[PDB]
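Positions of Cβ are generated from backbone atoms using ideal geometry, with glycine treated the same way; all protein chains shown enter the neighbour counts. Rule-based calculations on the coordinates, nothing more; no lab input.
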């Protein structure tokens, strides 16, 4: 593969839908042939405007099928002109593996109110057979995989590439490299007895809390020495590193107290990146202090994610001494735990 | 005057259409002239039914200030590693007027491309070496 | 005819437009075995979203249309939506009337570079037969129509049982009645010795020129007596009716003097309707006077359509007495007519 | 509607050249023939040269005489020119000379013509009458068919814009500016300025009180104490503009103002707003207001609503109040409950 | 320079080329040297 003077990359955007659809007590189908069971609407993150609903007929929709479970796919909302897609259906057996996958080799076009699917999907008696385990405890599980493909674009990567080198924006690294040189420092800064020689000009520039704190009746007298004792210098230097370079690479070792510093200094980005570090570090023995830090820092999304962790692991996390401690310390969070596990879950 | 062009198509197994449909590339040229614009056109299916089950490829001239350009082209399909496979040469400097197509209608079989043991369709992608 | 409470008015709105050729010395081209002759890129006319160009072959490609003509429609650029339109083709004679209608029976699909078209459009021997009279100076005229659809929009009702109704606005009707009754008016208005009545409040709010005369110190002392003699009462009554009401019922019979009055008093809306009526009344015999009136009263679109008409019909107006009056009265208009004629239709001796 | 016209003008020129002593020029000089070049076309920019060879250059064309159109330089590099040379009938010749039926493209630095014109011995034989005074005149008229692009005439008409009437917004702006006001309306201390003719045309009550001879004092010193300032500015906004945008939250006392000042259209829209607002709690209140203000259709619709919710209106305390206050409203309610219904079996 | 070296059939026709010839003879010298170095064959 040699190098060409011009090259084109025709890219077609592909988005996928994964979908569960489980019906309990199916033997109480309560209906004759030709009846329908709709589904709730669902989509994905992007663009979240194309909503889809599933239709399943327990008995034969047609006379040629009769003893056939027929499964269709429906579209209800297409604000664009038209979207065409492929689909692949597979029923989960008792163990959970995808069995009897039927898919269409045609990329059928869909309009609002149009259906496609497999009326001749699976035999009724083959479903009712117990040896293959297609009906575990009268619970049928339908796995729906949707391959929606989108408009195609071309980037036109032709040469005459402007051969002189193109640097990126140096607002970040030039500010970062000024810290170790320690130039243009007009004042002092000491935290926990350790000197970190710094100026106020960019420190107030890149944090609105510190600027308002500096300008109100304190830069006239105590601009040289400012009292900051809420954090250790190891977290303070990372906070000023995020101020200067724009990034905080040292995250996983000390996300717990950088979250507290960010909650103190009202830095939402530093709050949520520590939230990302702790959400992947959600565990059974850690969840109590995860809730206490989420509630103390008012991180609603992290708190809700940790409540969902409680919902998924409620069998073994209740007996922890951490949970005994957070009950005897914070009954209110236990009250919202009751509210979430009762009202939202049921 | 020579041309080199890498046209890469992804997710080709999602062919997206039925028989008798065309796919156009981006308009491209070289440094000199950069006034003769060209574009490649492919059919995933057969263009016409006398040569069915084929990947028909043509070269479309879109822009020319003058009338007719003599040009010799040679199509090629890159396999998994990158060699030139199924290299077919148009032996004549064909007659390129504004809006004229030239190519091999019976270029390569659809089933022969779909044979993944040949390595001719790697990662559901096909890229072409076009020299004019 | 039964009626209901609710209505839904979904519709497939069509954008529809036409495209023209007249290939000169067609028998002298001989594009054989698919030699492509393209045309200009053209859009719908309403905005610029899709563009096309037509492709013809006198000797059609392949052995099928060897003795037949091939006719095809090529697509330049469009958003990817599988645009589906119906098209027709025809041949026009020297008299500008359709002769040979061959129409595609379905709305065909279209994409980037797709070429649908009515092949074997006309036999080559019948087309080369000059006895049909459809080739003036060996020119073949092609007329094409297209029926692009943007794939349906719906309106959701709403129109409930709607027990209460509301009347229409009567403001303009009662203001026209105020003018007809001529009540509560304190300022007098003379035209040509026939005396009228109008007040400042309606005049200043709808015309800047009356607003300019009335407020400049005349209203303190001589608010009654006015000096208007450039217009007649027969045009001034319709002027005053349009000022009070906003509507001009009598316009076709008197669009000349009303255009003059609207140009003098800077009534933009009345200038619009007067130019509309005069353009509807435009013809060959009054072309000289409509050019004179439009160029005198600075009617922009009226003089634009006037010069377009005088370029399209230049062969029958020069012999009349109006042109012989124009060439001696307004020498500049001959220069602008020459500038419009020698660049729009016949720029560089094509057509000769 | 485009008049593309595919305009195909040819660049043809007249040319005069006289050949002398053509019978023995082969024995005079030979086969290498060079003639003078001539300039023609667009301002003589195009170069062409015409000459007749008495004998072919190589061995193959020794039989047929050569008439080659030598072309040193092409007009444009890629030209499909179907060239048609002609002879201006010095004798009778329009056939038997091979004229170029199919030509070839002319490029820079290359010549194209035809290598065969007539048999040499047949031309030398004077019995065929092909030697007019031993001199031939050439009239070369090159026909170039390359230029076809273009001529667009959009033939666009658009009719005229025809702007709409803006009189309602003009009167709204006339209120908002308050110019040339003749009367002053004092409402709750705050004084507004309005136009006497506009108020007389819109409302008949103001027209009557501007006509019943109280002119010397009640023009500027008329008092309006029975209304609130915002309901007054809303009803007068309806008087001037023709619309009442804020009517939805204040339809009731605006209906009172419309009743007091004989605004029928404002009365019916305030009737509509309370008509599509009825509930079981305040139905008696709306009926009291409708009967007090003589709102006939709102009264009828309220009576129908009370009839259709007769089980729930009677439970409200407002119903008791209108029972003890207003007898004939209950009488008409009974009349519409009984006379507009019945017989209902037993 | 790459634009000029091909489109010299119209770029050198304009008066700007004669202007930079008469104003900057060293540019003419280096352009002619580059052309002579590039076109080693041909008379």
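Need a quick list: helices (runs of 4 or more DSSP H) entirely within region D:123-212 having at least 1 residues that are facing chain C (nearest Cβ under 9 Å).
Hits in region D:123-212: D:167-177, D:196-202.
If you scan region D:275-303, which residues turn out to be surrounded by fewer than 20 Cβ atoms within 10 Å (Cβ to Cβ), within 13 Å of chain C (Cβ to nearest Cβ) and in contact with a helix residue (DSSP H, G or I) (Cβ under 7 Å, 6 or more places away or on another chain)?
Matches in region D:275-303: D:278, D:297.
Of the residues D:256, D:251, only one is farther than 18 Å from residue D:319 by Cβ and within 14 Å of chain C (Cβ to nearest Cβ); which?
After applying the criteria, what remains is D:251.
Inside region A:323-346, can you point out the residues that are surrounded by 15 or more Cβ atoms within 10 Å (Cβ to Cβ) and not in a helix (DSSP H, G or I)?
The one that is surrounded by 15 or more Cβ atoms within 10 Å (Cβ to Cβ) and not in a helix (DSSP H, G or I): A:330.
Tally the residues that are closer than 18 Å to residue B:29 by Cα and within 14 Å of chain A (Cβ to nearest Cβ), restricting the search to region B:76-106.
Counting residues in region B:76-106 that are closer than 18 Å to residue B:29 by Cα and within 14 Å of chain A (Cβ to nearest Cβ) gives 0.
Can you tell me which condition residue C:128 does not meet? The list is (1) surrounded by fewer than 13 Cβ atoms within 10 Å (Cβ to Cβ); (2) farther than 30 Å from residue B:25 by Cβ, and all the others hold.
So the condition that residue C:128 fails would be (1).
Which numbered condition trips up residue A:134, out of (1) more than 24 Å from residue A:39 (Cα to Cα); (2) touching a helix residue (DSSP H, G or I) at 6+ places or on another chain (Cβ under 7 Å)?
The one condition residue A:134 does not meet is (1).
Go through the residues of region C:259-272 one by one and say whether even a single one is assigned to a helix (DSSP H, G or I) and under 17 Å from the mean Cα position of the chain (by Cα).
Scanning region C:259-272 turns up at least one residue that is assigned to a helix (DSSP H, G or I) and under 17 Å from the mean Cα position of the chain (by Cα).
Restricting attention to region B:1-16, and to residues there that are within 17 Å of residue B:53 (Cβ to Cβ) and more than 8 Å from every other protein chain (Cβ to nearest Cβ), which single residue is surrounded by the fewest Cβ atoms within 10 Å (Cβ to Cβ)?
Within region B:1-16, the match that is surrounded by the fewest Cβ atoms within 10 Å (Cβ to Cβ) is B:13.
Consider residue C:63 against the criteria (1) out of contact with any strand residue (DSSP E or B) (no Cβ under 8 Å at 6 or more places or on another chain); (2) away from chain D (no Cβ under 14 Å); (3) under 18 Å from residue C:127 (Cα atoms): it satisfies all of them except one. Which criterion is unmet?
(3)
Going through C:248, C:306 one at a time, which residue ends up being surrounded by 15 or more Cβ atoms within 10 Å (Cβ to Cβ) and farther than 30 Å from residue C:351 by Cα?
C:248
Would you point out the residue of region B:107-122, among those that are part of a loop (DSSP other than H, G, I, E, B) and exposed (fewer than 15 other Cβ atoms within 10 Å of the Cβ), that is nearest to the other protein chains (Cβ to nearest Cβ)?
By that ranking, first place goes to B:119.
When you go through (1) under 26 Å from residue C:32 (Cβ atoms); (2) touching a strand residue (DSSP E or B) at 6+ places or on another chain (Cβ under 7 Å) one by one for residue B:109, which number turns out not to apply?
The one condition residue B:109 does not meet is (1).
Kindly evaluate residue A:53 against the criterion of being surrounded by 13 or more Cβ atoms within 10 Å (Cβ to Cβ) and either within 14 Å of another protein chain (Cβ to nearest Cβ) or within 24 Å of residue B:15 (Cα to Cα) (or both).
Judged against the criteria, residue A:53 is not a match.
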